[PDB]
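Here we start with a single chain on its own, the form solved without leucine (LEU), put down as structure tokens.
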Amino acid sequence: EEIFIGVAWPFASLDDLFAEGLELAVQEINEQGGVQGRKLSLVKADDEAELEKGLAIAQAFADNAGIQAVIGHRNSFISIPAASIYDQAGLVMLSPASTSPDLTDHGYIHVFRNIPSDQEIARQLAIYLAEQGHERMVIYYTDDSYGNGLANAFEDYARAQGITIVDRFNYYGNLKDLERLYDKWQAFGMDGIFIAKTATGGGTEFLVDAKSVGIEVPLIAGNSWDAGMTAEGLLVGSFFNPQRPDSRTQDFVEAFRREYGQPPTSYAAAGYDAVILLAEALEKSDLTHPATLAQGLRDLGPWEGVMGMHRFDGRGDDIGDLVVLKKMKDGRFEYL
């Protein structure tokens, strides 16, 4: 017989390699006797990155008895409200893409994340920049949920690490405004810029505008830049190191290269680990009643995954060493 886990993701509209990590993992689990003798099967639901469809899917998984746990969703604006539904149903929701601090700030007991939050990434960036001797910086943020969340965290940890935020701003109307801003920043003694704007939503246009004006200081960004050559030197805080020395990572990278003909993405890796994580917790619990699964996950760790060690706190955040800092160099990522 079978055990099912649901996956909620914008499958059709995305080519992120996430489904390929999933497929690879399921395969590996089944070809070793599966889980408790049972074969593992995914029930895929496409949320189209739309809140209405996201919520309907969450609902549908909640009142389907065969579902042990759900993996998803990709977007924080869907995951936060969807978590409400899984938590009320006693169903474990394990998210591999949603970085918002707010996801684990509501006392939900069955809600999990297998990647570092925007907050943990921001903290590691602050530590790194300060260790490099960065003293005075400027933040470029967007006034929305992601922008504010990431900017806020970085401001905090930056002060905690000795860095002065000399300026923050969320708008410039044209290149001469950016020229005026930069004159001001030079007077402040700015030595770096943190971009808390998504890459597709204003981040990259700013990269271009900033080169064009003559800005020389290092540039730093968050997760949404893991997904042209003027980004040289851009430091990105993300996760998954495909050059991590351990045999667990190299086996995965090799197996993936073989089957798919390209290196894995961090979403593919997050996908892979989520399935293995859930299967491994599942091999140890009572499938009779899937709300023992949550406590299962908090005693599972540490669990060696393709991304590094996984360990959950009581809020459900992943708090193992998983943040990977990446610098752009000649088109590809270097790892520090």
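Quick note: we count residues from 1 along the sequence shown, nothing fancier.
Undergrad: Do any residues of the deposited sequence lie unmodelled between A227 and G228, and which range holds their number: none, 1 to 3, 4 to 9, or 10 or more?
TA: Gap between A227 and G228: 10 or more unmodelled residues.
Undergrad: Using the B-factors recorded in the PDB entry, average over the C-alpha atoms of 230-238 and of 121-129, then report which stretch comes out higher.
TA: On average, C-alpha B-factors are higher across 230-238.
Undergrad: Comparing average C-alpha B factors as deposited, tell me which of 155-163 and 194-202 sits higher.
TA: Taking the mean B-factor of the alpha carbons in each, 194-202 is higher.
Undergrad: Can you pull the Cα B-factors for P81, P96, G189, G261 from the entry and say which is highest?
TA: Max CA B-factor in the entry, restricted to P81, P96, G189, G261: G261.
Undergrad: If you check the C-alpha B-factor for each of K53, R311, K39, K44 in the entry, which is highest?
TA: Answer for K53, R311, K39, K44: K39, with the highest C-alpha B-factor.
Undergrad: Can you tell me whether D15 has a C-alpha B-factor in the lowest, middle or highest third compared with the other modelled residues of the same chain?
TA: As the PDB entry reports it, the C-alpha B-factor of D15 lands in the highest third of its chain.
Undergrad: Which third, lowest, middle or highest, does the C-alpha temperature factor of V7 belong to within its own chain?
TA: Tercile = middle for this residue's CA B-factor.
Undergrad: Using the B-factors in the PDB entry, rank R113's C-alpha atom against the chain and give the third, lowest, middle or highest.
TA: It belongs to the lowest third of the chain when residues are ordered by C-alpha B-factor.
Undergrad: Grab the CA temperature factor for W303 from the record and place it in the lowest, middle or highest third of its chain.
TA: It belongs to the highest third of the chain when residues are ordered by C-alpha B-factor.
Undergrad: Relative to the other modelled residues in the chain, which third contains the C-alpha temperature factor of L175: lowest, middle or highest?
TA: According to the entry, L175 has a C-alpha B-factor in the chain's middle third.
Only in words, not in the display: the form deposited with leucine (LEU) bound, which the text now covers.
Undergrad: Taking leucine (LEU) in the deposited complex as the reference, which of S238, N114, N241, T99 has a non-hydrogen atom within 4.5 Å?
TA: Of the listed residues, the single hit is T99.
Undergrad: Consider the chain as shown here, without its partner, and state which of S84, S76, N170, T265 has a heavy atom within 4.5 Å of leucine (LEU) in the deposited complex.
TA: It is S76 that has a heavy atom within 4.5 Å of the partner.
Undergrad: Want to guess which of 189-197, 148-156, 217-225, 246-254 is within 4.5 Å of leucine (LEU) in the deposited complex, heavy atoms only?
TA: Of the options, only 217-225 has residues within 4.5 Å of the partner.
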